[PDB]
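Below is one structure, written out as structure tokens; the observations come after it.
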Amino acid sequence: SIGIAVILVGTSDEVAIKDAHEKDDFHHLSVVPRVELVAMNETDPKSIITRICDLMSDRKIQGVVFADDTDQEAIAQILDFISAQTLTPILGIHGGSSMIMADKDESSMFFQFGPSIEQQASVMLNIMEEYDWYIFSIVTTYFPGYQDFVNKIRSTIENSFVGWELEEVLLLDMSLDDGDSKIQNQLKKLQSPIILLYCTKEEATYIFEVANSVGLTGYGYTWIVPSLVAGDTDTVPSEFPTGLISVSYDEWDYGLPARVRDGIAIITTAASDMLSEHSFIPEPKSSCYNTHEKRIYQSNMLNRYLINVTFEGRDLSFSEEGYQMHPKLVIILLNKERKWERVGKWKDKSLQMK
Amino acid sequence: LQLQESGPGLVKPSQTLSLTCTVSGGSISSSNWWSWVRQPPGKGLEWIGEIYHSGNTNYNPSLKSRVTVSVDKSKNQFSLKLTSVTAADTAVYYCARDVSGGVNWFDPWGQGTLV
Amino acid sequence: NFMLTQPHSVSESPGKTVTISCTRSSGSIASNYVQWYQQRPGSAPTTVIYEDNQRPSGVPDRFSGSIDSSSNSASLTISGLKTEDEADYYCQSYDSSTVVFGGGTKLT
Amino acid sequence: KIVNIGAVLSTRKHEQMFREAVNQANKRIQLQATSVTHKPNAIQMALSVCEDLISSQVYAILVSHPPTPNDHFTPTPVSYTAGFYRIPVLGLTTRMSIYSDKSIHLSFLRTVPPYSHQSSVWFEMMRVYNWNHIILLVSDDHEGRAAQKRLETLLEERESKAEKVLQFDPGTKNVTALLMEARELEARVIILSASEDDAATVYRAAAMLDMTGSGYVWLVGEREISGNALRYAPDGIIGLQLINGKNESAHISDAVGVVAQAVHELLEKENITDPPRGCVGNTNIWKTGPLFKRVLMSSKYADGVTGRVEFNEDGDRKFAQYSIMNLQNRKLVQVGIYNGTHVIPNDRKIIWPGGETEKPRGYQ
């Protein structure tokens, strides 16, 4: 009786992904949810807002899931705003929703499904240690979250026996254009063999172009980048220097049917647990707007119930800011041909190579 | 502490007013305020302005630039110096003290002076 | 500045309870409460109600004050009317600018 | 070329004023104006905003807030839509400092200083009256955190930190323990900054502990003077006020002037592209947008009704005018002025808390 809706933007298979929400006999659960799917090519704010309101008004929906295969920027912000203005808790799984956002508001109920910001740095450092590279440097731009990146890296090299030797942290910004001479000089300053980089695709093209023109991309250097720079593995501007190593979420081994199944399971488990332990289920009004009486009682018990789940012997404990807290990242490298190949796997502080 | 109205008590038009209060039993150098509430005959009431003991005197926006209130601790009295009074300002004027506290409280009042 | 409105010509037999409502003209009585003064013909006015809940020492307990915050007015209740209650009752308030007295009422 | 700008005002008289202002501006390349009214809910407001955007492809959006509750409910959806399309948005009467974080709101400007920018006037007042010890008292929130961070960054120059910082939870019914602890450390000058509905409780509690007597000195911002916070307040509390924080005609005139000057300056360049003209059809960006913001940031106005107008690299106006006023016998009165330079005192003698006219030392 807990109505579940699914949104698709990537125009992937729809009829094929039907057994996950149908043949799953929830013997350990007592909510028997329904399932509805809508597929569209909606990326503009108007279309997605109108669709969200239309499903809100249609019939007996609750917390929905989002699945867009494109690469947008402010989709996460728009979804957060919608969840702030409507107590229905939504959660994304794949694509633009999987990217990290700066910080949710005080009352937002919107949990992502990807790696955090600090786990990326921790895996970055332990893969630096596993090959005995040691000396490195850090470069970053004015992106939301750089301060946490730098603070975490300093705090995790300050409390270890191994002899990390950091060297320089440049904070170049592209806002002050027409002044690229200083950028060129400060980039030419760097000498360390390993350079961690924190940027985005559009900026990364500019940085790699200037690096190639300067010439510090030859035989004794190896850039390392976070997941969000990779974006889509298939697409490549061909400007990426060969040998660049990137850590990213597993995509070609974790099927979308599994993601839909576990999202439905999470929602069902939380709803059933709170129904059993409180004898009450919140039912917000099925009106998107023009309803000042919809909020008859503040409802954060569902927020307190989504931070713990035990199904099929699996852990999906989200965090306060909204993370996964137990992902399975893969570390990939760009070989001579322009393609990404798996070279390493991470699982519960365990690191495996080949 | 008891105060009674005083002053010359004139009624001629196109002149200047001058009258002082009495206040016996109290001290001018204190933490209170002194008002000069005016009562017109056959109508409501109208506040004029307060005066602190030491340096600063508040007023009323209407007759802001036509009236002046002065104090003198040596003679233990404060006086009103209304200027350019017309024939439409005939009223009976009171001497009022207010306790600072946290709010305005115009008590105890004065005996009143005819004018 | 603002204006104050009060009822007029209210009187009855002794022993009854009468409510006089002093009403704000524009704005809201929520940041600066009012007081009620009483005057005798030929005598200086004296305060009887202050902060609408407290009473001065020696004042009779018959009178009382109340607030509504709905019609933006303050109510003064008189219980057990006597022959000495015939007087003039004024409501006085203030704001962040000045102090303005109300019109006042007479009780016979 | 014909380019028009849009605005979201709060009434019809403001719309007429905007039309008159743009009519006077274009009489000094023709530009028009478009207006719309606020809506009770955020989602319809945002969709209407982007529909207005699609109607004429507005280069910039002039947003404003009405005298309505919920604080930051009116100007958020417009900012979110603008950030989706990366077009500049100029605010008029938004005082909160949440928008000053140039990480989540990349395209936003302000014609008035934020609430957290009144931390230099206190520094100059201490430097004038010779006070070197403070007791900061803030509420646990983004506003208080930003204010305390700015205050400590400013104070780090003298290498004399604040004696103590007391953070209390936003919204409660008993703050007796914090005040009892803070009563007797060593200091008198107390600086308060919190919500008015939360400052009323602090004012009520401080009266019971006899901390408002002679000697102690109070300092506040602007939220503790307006509203219902005048029910309970000790006389002598010194407060700050903005000179032209309510008269929106001057603000709209200055905003339209600076926007017109910026749009006149940009068109002389080359390699430009018109912004997208669809909230629905298009799903792309307005690439020649950040250049407009950069050329607007250094738009040093010559003169105007509100004096000189400038900007920083934070979306906040510089060279503000502040009035320092004292609360005497439940009646406010201006006693000093501050014009970005040293504080100029007027010809009035302030009344320090507890009565008496003598500048307290502030230290025991």
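We count from 1, first residue shown onward.
Heads up, the Cβ atoms here are built off N, Cα and C, so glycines get one too.
For D:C50-D:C279, the entry in Swiss-Prot reads disulfide bond, with the evidence type a large-scale study or a structure entry. Spatially close to D:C50 (disulfide bond) yet at least six residues away along the chain are D:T81, D:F84, D:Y85, D:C279, judged by Cβ distances under 8 angstroms.
Marked as N-linked glycosylation site by Swiss-Prot on the basis of experimental evidence: D:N174 (among others). Taking Cβ-Cβ distances under 8 Å and a sequence separation of 6 or more, the neighbours of D:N174 (N-linked glycosylation site) in its chain are D:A205. Secondary structure from DSSP puts D:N174 (N-linked glycosylation site) in coil.
Look at Swiss-Prot and you will find D:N247 (among others) tagged as N-linked glycosylation site. Under the three-state DSSP scheme, D:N247 (N-linked glycosylation site) falls in the coil class. The Cβ of D:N247 (N-linked glycosylation site) has 11 other Cβ atoms within 10 Å, all protein chains considered.
Non-local contacts of D:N271 (N-linked glycosylation site) by the CB criterion (under 8 A, 6+ apart in sequence, same chain) comprise D:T288. Marked as N-linked glycosylation site by Swiss-Prot: D:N271 (among others).
DSSP assigns D:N339 (N-linked glycosylation site) to coil in the three-state reduction, placing it in neither a helix nor a strand. Cβ environment of D:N339 (N-linked glycosylation site): D:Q321, D:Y322 lie under 8 Å away, each six or more residues apart in the same chain. Under the heading N-linked glycosylation site, Swiss-Prot lists D:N339 (among others).
Separation across the 5-residue hole in the deposited chain, D:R28 to D:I29, is 11 Å (Cα atoms).
In sequence order there is nothing to list: of D:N247, D:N271, D:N339, none of the glycosylation sites comes within a CB distance under 8 A of chain A. D:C279 (disulfide bond): 24 other CB atoms within 10 A of its CB, across all protein chains.
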